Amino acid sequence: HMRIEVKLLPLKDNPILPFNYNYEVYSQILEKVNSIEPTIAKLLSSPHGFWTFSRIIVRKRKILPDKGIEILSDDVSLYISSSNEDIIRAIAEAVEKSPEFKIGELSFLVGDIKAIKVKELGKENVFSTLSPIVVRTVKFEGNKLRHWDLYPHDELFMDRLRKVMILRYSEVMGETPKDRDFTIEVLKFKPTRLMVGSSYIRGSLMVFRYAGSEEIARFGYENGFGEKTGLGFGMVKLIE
């Protein structure tokens, strides 16, 4: 499966990355791809998770709780993934043509794009999250129905996630997977709250072990696990 690393260069001195970029990055890419491949842009913007992208990785940093993350590195990377290398292809082009990113007060400049080597999977895999995994349910709170976010320690999590993947899979892949059974067991777990647009989404940054269906595993690896993947959630990476 195709996965790319986009290097970004912070423009000014003492650059500071704001804590919640998910919507900015996503909408920015959408706009850029839409200029070239409007037809693919429509896939990016789909809820079904045609792709993922990670957090913006800052290899060396300090924290300014009121401002954001201090970038002490010369550059930052952003990993993007998809089962469809036509989506990858189109993103590389769009970005490189118009390599100007504005996140809050910090402007970046796209440096090298490159396709990344990606490891084969096994019967069981140990994944670490590259961007928070999101699994949502509906709950009556007051009157109006609203979105309740789940974490692995919640009872309905595994069952909800299972259905989200099967569902998502058949939607983007075109068919339902033959083996639909799988489990995950959490190893290192943390909660995070992200403001995307005018909303709030809460998710898990975790290291977990996946077992079971070998096609859903490929699917999650390539397209991210959980919901809102296209918004920058759900990307994992293989460790041992």
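Counting begins at 1, following the sequence as shown.
Asks: Which has the higher mean CA temperature factor in the PDB entry, 208-216 or 175-183?
Replies: It is 175-183.
Asks: Which of the two stretches, 218-226 or 8-16, shows the higher mean Cα temperature factor in the record?
Replies: Comparing averages over the C-alpha atoms only gives 8-16.
Asks: For the listed residues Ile80, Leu106, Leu161, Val134, which one has the largest C-alpha B-factor as given in the deposited model?
Replies: Result of the comparison over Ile80, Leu106, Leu161, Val134: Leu106.
Asks: Grab the CA temperature factor for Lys190 from the record and place it in the lowest, middle or highest third of its chain.
Replies: Bottom third by C-alpha B-factor.
Asks: Rank-wise, by C-alpha B-factor, drop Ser128 into the lowest, middle or highest third of its chain.
Replies: Ranked within chain, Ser128 CA B lands in the lowest tercile.
Asks: Would the CA B-factor of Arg55 place it in the lowest, middle or highest third of its chain?
Replies: Lowest third of the chain for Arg55's C-alpha B-factor.
Asks: Sorting the chain's CA B-factors, does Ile36 end up in the lowest, middle or highest third?
Replies: Its C-alpha B-factor, which the entry lists for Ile36, ranks in the highest third among residues of this chain.
Asks: Going by the CA temperature factor in the PDB record, which third of the chain does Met2 belong to: lowest, middle or highest?
Replies: Highest third of the chain for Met2's C-alpha B-factor.
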